[PDB]
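Per-entry structural report
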Amino acid sequence: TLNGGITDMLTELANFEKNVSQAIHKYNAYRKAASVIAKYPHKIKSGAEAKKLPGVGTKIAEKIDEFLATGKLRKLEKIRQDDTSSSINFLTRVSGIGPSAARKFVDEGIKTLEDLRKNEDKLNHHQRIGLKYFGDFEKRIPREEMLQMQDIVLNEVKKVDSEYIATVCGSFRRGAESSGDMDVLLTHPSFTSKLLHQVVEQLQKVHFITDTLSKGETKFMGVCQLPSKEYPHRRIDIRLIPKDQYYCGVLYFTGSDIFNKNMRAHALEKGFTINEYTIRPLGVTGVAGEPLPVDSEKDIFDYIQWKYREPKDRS
DNA sequence: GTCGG
DNA sequence: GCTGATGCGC
DNA sequence: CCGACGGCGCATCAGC
Ligand SMILES: *CC[C@H](OP(*)(=O)O)[C@H](O)COP(=O)(O)O
Ligand code: NA
Ligand code: NA
Ligand code: NA
Ligand code: NA
């Protein structure tokens, strides 16, 4: 919008770092720079101005000056026209193809979705499924559809055992109007520090779950589809969490990221440490004590004298 | 790439 | 066969 | 100057 050229430039740079250079820390630096500039409510006039924002340093400032002066970045123009770099970058759009698989494919002349179709022998299961649903997996999921999906999974987990607790988390639980995927956290009173299998099996039985990317005892990653134009196929994760770790898990997997940083910060200065699993009292010498009993995500907040924030208000 | 000890 | 490392997604 | 930057759960690879 105001700085869309800058934010587009930093996201392209991020993708190049992640996918081609395999520099995950440069990827995360450009993304951080991109999101603080996305939030700046003025049209940036100089790199010097942008540098004042946290996450923008000397190099992104220089890049912004080149972009504003010339309307482009020489290096990105060059990366963009590079056949090998552009193809490596592009293949990572397939779920299961990371930077390592995308380079391997481009090294053996496999550059396009069309090339992948004709070399399905050289793809693993995840990559094949990623290829099958390439377009569906880049579609966002309207909230209305997420509610129908939630309807089915809460109905079917209650059918296999009414003692299961299932919470859909992620952007969905923060009231977001569209979602990347569906992340379901499941727990059962029998589980504390075959329960997942029976839920996945029931969801396949009623043809909600259509494919499996990965499954073990505590994490399912797969594909689902709303019953019927056919709805797109969607990514669903299901995490089975110890009941005594559940509400910490729900808080962790709801976010947002910046919200949980600020929540970690507070708990620290109040003599408590929160992670994904437990909240723990902090001794006078900084030694974590025993995990504190947690019965609701409100409990966690109570332990650290914060006022409950509604998932709606946590973005 | 940016931050901070 | 196994154990540990690596790739991957989130 | 230089190390941190999230790290878990699963699939598959590398080595024994
Ligand atoms: C944006 C400029 C780069 O910052 P980073 O340490 O990735 C470098 O200064 C120039 O190197 P290159 O763009 O990676 O060749
Ligand atoms: Na800055
Ligand atoms: Na990918
Ligand atoms: Na690569
Ligand atoms: Na859907």
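Parameters and conventions
Residues numbered from 1 in each chain as written, not as in the entry; some residues may be left out. Chains lettered and ligands numbered in written order. Heavy atoms only, no water. Residues with missing side-chain atoms left out of burial classes, pairs and counts. Domains from an automatic or database assignment. Contact = heavy atoms within 4.5 Å. Buried area = accessible area lost by both parts, 1.4 Å probe. Salt bridge = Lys/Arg side-chain N within 4 Å of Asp/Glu carboxyl O. Polar contact = N/O pair within 3.5 Å; in protein donor to acceptor, adjacent residues only side chain to side chain. Helix = DSSP H or I, 4+ residues; strand = E, 2+ residues; numbered from the N terminus. Near = heavy atom within 4 Å. Nonpolar A, V, L, I, M, F, W, Y, C, P; charged D, E, K, R; others polar. Areas by Shrake-Rupley, 256 points an atom, 1.4 Å probe, with all protein chains shown as cover.

The deposited coordinates for this entry were obtained by X-ray crystallography, with a reported resolution of 1.8900 Å.

**A short note on the domain arrangement of chain A**
Examined at the domain level, chain A breaks down into domain 1 (1-82), domain 2 (83-139), domain 3 (140-252) and domain 4 (253-315). Put simply, the middle of domain 1 and the middle of domain 2, counted by C-alpha atoms, are 26 Å apart. Each partner contributes to the interface: domain 1 provides ten residues, whereas domain 2 provides nine residues. Surface buried jointly by domain 1 and domain 2 totals about 800 Å² across both partners, of which 42% is contributed by carbon and sulfur atoms. Contact with domain 2 buries area across many residues of domain 1, yet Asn 19, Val 20 and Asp 82 alone supply 66% of it, more than any other trio. There are zero salt bridges connecting domain 1 and domain 2. Run the count over domain 1 and domain 2 and you get seven residue pairs in polar contact. Among the elements of the structure, α1 (4-21) and α5 (74-81) are those that each provide at least two residues to the side of domain 1 that touches domain 2. When residues in the side of domain 1 that touches domain 2 are grouped by element, the largest group, five residues, is from α1.

**Some words on the protein's contact with DNA strand C**
The environment of DNA strand C is formed by 13 residues, the closest being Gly 96, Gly 98, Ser 100, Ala 101 and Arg 235. Counted by atom, the contact set of DNA strand C within 4 Å of the protein is 95% sugar and phosphate. Taking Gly 96, its main chain carries an N or O atom lying 2.8 Å from a phosphate oxygen of DNA strand C. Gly 98 is positioned with one of its backbone polar atoms (N or O) 3.0 Å from a phosphate oxygen of DNA strand C. Residue classes in the surface near DNA strand C are distributed as four nonpolar, five polar and four charged.

**Observations regarding the site of ligand 1**
Taken together, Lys 26, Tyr 30, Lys 59, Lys 63 and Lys 75 form the complete shell of residues around ligand 1. Here an oxygen atom of ligand 1 and a side-chain polar atom of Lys 26 are 2.7 Å apart. For ligand 1, the accessible surface in isolation is 410 Å², of which the surrounding protein chains cover 54%. Secondary structure elements with two or more residues in the shell around ligand 1: α2 (24-39) and α4 (58-70). Among the residues making up the shell around ligand 1, the classes are represented as one nonpolar, no polar and four charged.

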